[PDB]
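The sequence lines fix the lettering, A, B, ..., with proteins before strands; numbering per chain opens at 1. Keep in mind that the numbers below use all heavy atoms, side chains included, and drop hydrogens, waters and symmetry copies.
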Amino acid sequence: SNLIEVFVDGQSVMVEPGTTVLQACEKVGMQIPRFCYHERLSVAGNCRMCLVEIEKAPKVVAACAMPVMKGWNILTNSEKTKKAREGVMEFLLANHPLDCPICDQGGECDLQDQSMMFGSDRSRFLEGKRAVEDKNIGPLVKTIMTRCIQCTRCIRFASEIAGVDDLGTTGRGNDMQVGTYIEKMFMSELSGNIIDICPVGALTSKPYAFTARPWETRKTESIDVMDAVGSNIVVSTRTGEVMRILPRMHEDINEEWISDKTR
Amino acid sequence: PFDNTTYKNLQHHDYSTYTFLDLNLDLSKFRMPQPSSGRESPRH
Amino acid sequence: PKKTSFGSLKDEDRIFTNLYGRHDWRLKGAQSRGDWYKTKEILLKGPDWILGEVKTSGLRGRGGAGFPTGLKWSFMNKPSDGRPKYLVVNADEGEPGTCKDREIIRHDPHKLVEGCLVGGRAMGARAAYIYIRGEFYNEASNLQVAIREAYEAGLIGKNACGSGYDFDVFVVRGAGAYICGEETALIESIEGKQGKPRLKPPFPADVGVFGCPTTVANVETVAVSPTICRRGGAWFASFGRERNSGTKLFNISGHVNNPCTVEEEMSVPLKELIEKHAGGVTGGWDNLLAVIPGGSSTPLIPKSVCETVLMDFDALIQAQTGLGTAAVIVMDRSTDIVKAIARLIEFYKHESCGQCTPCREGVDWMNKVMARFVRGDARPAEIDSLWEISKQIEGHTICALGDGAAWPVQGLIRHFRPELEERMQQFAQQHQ
Amino acid sequence: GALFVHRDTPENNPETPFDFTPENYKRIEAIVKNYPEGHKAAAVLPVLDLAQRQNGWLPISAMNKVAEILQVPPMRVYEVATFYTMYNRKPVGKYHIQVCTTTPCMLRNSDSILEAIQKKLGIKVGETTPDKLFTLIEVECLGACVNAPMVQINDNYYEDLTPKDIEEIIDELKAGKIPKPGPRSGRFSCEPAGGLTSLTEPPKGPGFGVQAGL
Ligand SMILES: Cc1cc2nc3c(=O)[nH]c(=O)nc-3n(C[C@H](O)[C@H](O)[C@H](O)COP(=O)(O)O)c2cc1C
Ligand code: SF4
Ligand code: SF4
Ligand code: SF4
Ligand code: FES
Ligand code: FES
Ligand SMILES: [K+]
């Protein structure tokens with residue numbers, strides 16, 4: 001009734017008012033690249049990896065944040081869209097450390113996998129990289145903040161879901177840093193969830209450090225029994241041993257979060 | 001009456017650190033009542 | 001009929017009659033110079049009439065973008081829901097080379113304060129927040145003193161000018177961030193957060209300061225509104241070419257004999273502006289290397305183009321640059337043009353807010369490359385690499401600062417590539 | 001040069017004594033009433049600056065105080081202090097010399113002004129003299145480009161400087177007095193040196209050029 005018709009690569013899709021370009025593309029099975037957007041956090045629109053071309057529009061729009069207007073044709077695979085992604089991926093990897101072998105995120109990194117699919121295959125950065133100081137926010141989350149890509153997922157999660165306004169951005173420009181400024185431990189019952197939402201190896205699990213790589217773990221879908229919520233989990237095993245516990249999505253029980261005791 | 005050889009803006013030579021806020025405080029009596037969103041803060 | 005040459009504006013047609021502070025800036029000096037005259041009639045005329053006068057006036061924003069003011073101010077001329085409506089006056093002048101807004105505040109404060117009321121009445125706003133950068137402490141105090149005089153005279157506040165319209169004027173000081181000149185970063189700073197621009201949509205006219213409808217107008221764009229309403233839109237539109245009408249404030253700075261701020265008609269040829277008001281280039285017009293027509297954000301142009309180029313939005317677009325804030329930065333042949341523009345990239349690296357990737361990581365990247373072009377510690381194949389890097393920042397960023405960092409580099413490569421490659425050849429010979 | 005992480009030190013920590021004077025609490029009450037009810041966080045920038053004017057700089061205790069007065073989480077105050085450059089998170093000299101060095105001031109030999117101060121005070125850029133009297137830093141455009149190399153001391157602009165003139169300002173500041181602010185080359189403002197080129201006729205009084213309808 002109140003749906004409006006938009007086009008994704010020419011294919012018609014009916015969407016509700018206020019639906020974003022990123023969400024319109026989901027209905028046709030297309031997943032726009034992303035680093036800062038999470039469907040359970042507020043929109044930020046800072047990583048700029050979701051830039052997509054709209055036919056007849058000179059300027060690329062941010063799919064995560066741009067509401068889709070009636071009659072728009074979203075070009076998710078045009079040259080302008082492909083060049084936009086390679087440009088953003090080039091900037092995103094410019095100051096990034098060559099830590100993949102020693103980084104716990106290697107093999108399940110949203111920066112690695114979107115560099116292989118949407119970025120360029122080589123570097124033209126001839127300068128010196130930027131290194132940053134490491135914060136200590138507790139005995140659960142290990143912070144190697146040279147890997148941070150300033151996406152602010154942890155900031156929005158710690159604030160909107162855990163209700164703890166202890167993480168923020170200090171500095172400005174290329175020296176902007178995510179942290180607590182003061183020496184403070186991020187100890188909430190949901191603190192361990194910033195490990196998952198962080199798309200890079202900046203925030204990893206200290207108990208799990210260096211113990212496994214994602215490809216070699218076997219995934220068993222089970223139920224948490226630490227409380228009466230019955231959270232759905234994934235039990236990661238390797239060679240007969242339990243390596244870690246990850247959340248498993250369930251919209252009606254736990255969404256994609258678990259408590260620290262469960263984790 | 002057409003004196004144009006004098007810089008008629010010299011008051012600021014004597015302004016002090018708290019000059020700006022003192023003027024702001026003196027203006028509070030003229031302000032109209034502020035609007036209210038309906039809550040004491042976004043966190044309430 | 002329509003004019004063919006522009007310039008030589010008469011003092012009988014200059015809006016800012018106290019641009020140099022030679023008269024009394026306080027009230028009763030502004031009134032003697034035509035301010036606060038017959039303001040009640042303008043307010044009682046109606047918001048539609050005021051907007052109609054600004055639309056016919058052809059006035060365009062003096063902040064650096066030059067959008068049609070009359071069209072923009074009509075977005076707030078809509079039915080008022082429960083939320084209040086504000087007007088934000090952008091006195092955060094921080095664009096390198098720009099000083100016009102500093103003079104309006106410290107010498108003609110009552111023109112700005114009247115413009116707030118006239119602009120507010122057009123937009124149906126309840127109050128005006130004037131954001132002025134924190135380094136303009138003395139200027140902000142002058143503005144605050146003038147606002148007190150207006151309140152005591154009944155000009156603003158309860159029943160402004162006897163019009164029956166309530167309007168407050170608040171002055172808010174920034175804390176030293178050039179990015180807070182952006183219309184959405186300025187709003188965030190007023191709300192007590194970091195000066196990080198928002199994405200659009202929503203536009204400030206639908207969701208702005210405190211989440212309420214808002215319009216961000218530059219100091220010059222507002223200070224001229226009362227005069228336009230008094231003298232009509234026809235008088236203001238009679239200046240400059242079509243779609244470039246009005247009288248503009250210019251800041252000639254750099255390598256000139258008499259660096260000054262002066263008001264001059266739109267479309268005035270750049271050569272006439274420099275020679276007539278600034279006393280020519282240092283060393284003679286033949287000693288001119290390049291000019292930045294509208295502050296650092298605009299790309300430079302060489303001597304060959306300055307001889308027949310008019311100073312207006314349309315004329316400078318055909319020259320691969322922009323009018324910007326009408327700040328003219330002149331560089332003579334003794335200047336190190338590569339180092340002049342490299343320091344401009346270093347400026348943007350220091351003012352980038354860090355929010356978004358292409359400017360947090362790109363403008364810093366362009367800084368390091370430029371710092372190696374000054375010394376020639378690069379090979380010529382990097383010039384085209386620097387051209388592409390700039391094109392990946394331009395239009396891929398949240399705000400226009402990322403475009404403002406790319407454009408200076410593009411102008412340098414466009415008009416001074418031989419100087420770049422010569423510099424690298426010198427370095428290669430020595431360190432062979 | 002300025003780190004953005006706070007490590008506690010004896011002179012800077014949550015226990016360092018800070019509290020607004022009774023006079024400032026009256027000023028804060030006027031500031032907090034410039035904004036709609038329910039948006040007190042809008043007062044962070046003014047109040048956080050008012051703390052610096054009283055104290056000269058912002059220790060970690062000063063930030064925590066503004067957080068509780070406005071009822072905002074302390075981190076949201078740390079973000080503002082670290083974002084803006086006019087906030088001093090370390091002690092500075094009572095005279096903070098800020099020499100503009102952006103291109104328009106650079107083209108008019110602002111390097112000579114910088115050399116003049118470094119020789120006279122014997123300090124490098126970013127250092128404080130060994131008497132807590134002067135601190136020197138380079139800053140971006142201060143909005144006075146039309147004026148030749150200019151500096152800012154605290155709240156005053158000293159314009160059209162030359163290496164000779166800037167040294168006099170330091171001498172005048174050194175003993176007891178506050179030098180007059182503004183150009184130091186015979187000008188008064190942005191006016192063109194060598195005689196005005198515009199606004200040379202008596203300004204027209206009220207009611208001039210007014211259209212018939214209005
Ligand atoms: C990085 C940056 C800095 C800006 N600084 C200013 C400024 O200092 N003063 C101003 O009036 N506009 C400035 N602008 C332009 C504003 O975004 C916006 O165009 C202006 O506030 C609208 O006023 P107008 O109607 O006069 O054009 C800046 C834009 C950017 C991207
Ligand atoms: S975060 Fe990803 S790209 Fe960066 S070092 Fe770790 S695995 Fe490699
Ligand atoms: S630490 Fe991770 S989640 Fe937080 S801003 Fe950096 S990349 Fe994003
Ligand atoms: S372009 Fe630069 S200044 Fe503008 S929002 Fe992005 S990071 Fe901030
Ligand atoms: S996913 Fe849209 S800018 Fe980050
Ligand atoms: S460049 Fe120095 S005041 Fe503008
Ligand atoms: K992670």
### Task
Looking only at non-hydrogen atoms, find the nearest pair between C:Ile393 and C:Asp403 and report the distance.
O-OD1, 4.0 Å
### Message
When you measure from the side chain of D:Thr85 to the backbone of D:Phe83, do you find a donor-acceptor pair of N or O atoms at a distance under 3.5 Å?
### Response
no
### Task
Taking A:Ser123 for its side chain and A:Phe125 for its backbone only, find out whether a donor-acceptor pair lies under 3.5 Å.
yes
### Query
What are the two closest heavy atoms between D:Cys145 and D:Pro104, and how far apart are they?
CB-CB, 3.9 Å
### Query
Are side-chain heavy atoms of A:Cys154 and A:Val178 found at a separation under 4.5 Å?
yes
### Query
Can you list the steps and then say if C:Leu288 with C:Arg333 is a side chain to side chain contact (heavy atoms under 4.5 Å, CB included)?
CA-CA 6 Å; C:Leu288 180 62; C:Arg333 300 202 69 86; over 6 Å; no
### Task
Assess whether salt bridge (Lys or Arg N to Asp or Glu O under 4.0 Å) is satisfied between C:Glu346 and C:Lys339, documenting all intermediate values.
CA-CA 10 Å; C:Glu346 181 173 1; C:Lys339 182 170 71 63; over 6 Å; no
### Query
So, are C:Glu351 and A:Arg172 salt-bridged, with charged N and O less than 4.0 Å apart?
yes
### Message
Using side-chain heavy atoms (C-beta onward) and a distance below 4.5 Å, is A:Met89 in contact with A:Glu86?
### Response
no
### Query
Will you find, in the side chains of C:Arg360 and A:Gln150, an N or O donor that is under 3.5 Å from an N or O acceptor?
yes
### Student check: side-chain heavy atoms of C:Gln355 and A:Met176 closer than 4.5 Å
no
#### Entry: Step-by-step side chain to side chain contact (heavy atoms under 4.5 Å, CB included) determination, D:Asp160 to D:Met150
CA-CA 6 Å; D:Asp160 298 70; D:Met150 57 82 66; over 6 Å; no
### Query
Counting only N and O atoms by type, is there a donor-acceptor contact under 3.5 Å from the side chain of C:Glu95 to the main-chain atoms of C:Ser296?
yes
### Query
Would you find a donor on one side and an acceptor on the other, under 3.5 Å apart, between the side chain of C:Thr298 and the backbone of C:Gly324?
no
### Message
Does any part of the side chain of C:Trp285, heavy atoms only, come nearer than 4.5 Å to the side chain of C:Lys303, both counted from C-beta?
### Response
yes
### Message
Once rounded to the nearest 0.5 Å, what's the spacing between atom CD1 of D:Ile123 and atom CD1 of D:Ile117?
### Response
8.5 Å
### Message
Can a donor-acceptor pair be found, under 3.5 Å and without considering hydrogens, that links the side chain of A:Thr170 to the backbone of D:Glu79?
### Response
no
### Query
Going through the distances and angles, do C:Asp336 and C:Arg423 end up as a salt bridge (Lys or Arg N to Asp or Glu O under 4.0 Å)?
CA-CA 11 Å; C:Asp336 185 356; C:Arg423 200 77 59 88; 2.9 Å; yes
## Note on the structure
One should read off an interatomic distance between D:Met106 CE and C:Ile329 CD1, to the nearest 0.5 angstrom, of 10.5 Å
### Message
Taking C:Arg417 first and then C:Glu422, would you say they form a salt bridge - that is, a charged N and a carboxylate O separated by under 4.0 Å?
### Response
no
### Query
Below 4.5 Å, heavy atoms only, C-beta onward: do C:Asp364 and C:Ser352 meet side chain to side chain?
no
### Any D:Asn147 side-chain heavy atom under 4.5 Å of C:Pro259 side chain
no
### Query
What's the spacing between A:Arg147 CZ and A:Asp99 CG if we round to 0.5 Å?
4.5 Å
### Message
Using a 3.5 Å distance criterion without hydrogens, assess whether the side chain of C:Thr397 forms a donor-acceptor pair with backbone atoms of C:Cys399.
### Response
yes
### side chain to side chain contact (heavy atoms under 4.5 Å, CB included) evaluation trace for D:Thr128 with D:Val92
CA-CA 7 Å; D:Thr128 302; D:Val92 305; 5.7 Å; no
#### Entry: Polar contact flag, side-chain donor to acceptor under 3.5 angstrom, A:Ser120-A:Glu90
no
### Task
Could you go through the salt bridge (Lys or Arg N to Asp or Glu O under 4.0 Å) check for C:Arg102 and D:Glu159 one step at a time?
CA-CA 14 Å; C:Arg102 199 263 274 258; D:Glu159 304 168 4; 2.6 Å; yes
### Task
Decide salt bridge (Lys or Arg N to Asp or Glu O under 4.0 Å) for C:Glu388 and C:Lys391; before the verdict, give the C-alpha distance in whole Å, the side-chain angles of both, and the deciding distance to 0.1 Å.
CA-CA 5 Å; C:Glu388 295 187 356; C:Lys391 302 255 65 170; over 6 Å; no
### Task
Say whether C:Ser253 and C:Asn251, considering side chains only, have a donor N or O and an acceptor N or O under 3.5 Å apart.
no
### Query
Looking at A:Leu203, A:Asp104, A:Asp134, which hits side-chain contact (heavy atoms from CB on, under 4.5 Å) with A:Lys142?
A:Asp104
### Message
Does A:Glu127 have more than 12 heavy atoms from other residues, nucleotides or ligands lying within 6.0 Å of its CD?
### Response
yes
### Query
Between SG of C:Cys359 and CD of C:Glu394, what distance do you get to the nearest 0.5 Å?
13.0 Å
### Task
Please state whether the rings of C:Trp365 and A:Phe91 are parallel, tilted or perpendicular, taking 30° and 60° as the class boundaries.
perpendicular
### No-hydrogen, no-angle side-chain donor-acceptor test under 3.5 Å, A:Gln177 and A:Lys135
yes
### Task
Could you grab the distance from atom SG of C:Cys353 to atom NZ of C:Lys196, nearest 0.5 Å is fine?
6.0 Å
### Query
In terms of ring plane angle, is the pair D:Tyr84 and D:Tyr87 parallel, tilted or perpendicular, where the classes change at 30° and 60°?
perpendicular
### Task
With the side chain counted from C-beta on, respond yes when C:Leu386 and C:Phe373 share a heavy-atom pair under 4.5 Å apart, and no when they do not.
yes
### Query
Under the 3.5 angstrom rule, does the side chain of D:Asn88 hit a backbone N or O of D:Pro91 as a donor-acceptor pair?
no
### Query
Could you go step by step and tell me if D:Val139 and D:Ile137 meet the side chain to side chain contact (heavy atoms under 4.5 Å, CB included) rule?
CA-CA 6 Å; D:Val139 296; D:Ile137 62 175; 3.9 Å; yes
### Query
Within the distance-only criterion (no hydrogens, no angle test), does the side chain of C:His255 pair as donor or acceptor with the backbone N or O of C:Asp332 below 3.5 angstrom?
yes
### Query
Do C:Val309 and C:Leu316 come within less than 4.5 Å of each other through their side chains, counting heavy atoms only?
yes
### Task
Look at the side chain of C:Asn287 and the backbone N and O of C:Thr282, then say whether any donor-acceptor pair between them is shorter than 3.5 Å.
yes
### Query
Can you tell me if D:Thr135 uses its side chain to pair, donor with acceptor, with the backbone of D:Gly93 under 3.5 Å?
yes
### Task
Kindly compute the distance separating CE (C:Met424) from CZ (C:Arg372), expressed to the nearest 0.5 Å.
8.0 Å
### Task
Taking atom types as modelled, find out whether C:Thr325 and C:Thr98 have a side-chain donor-acceptor pair closer than 3.5 angstrom.
yes
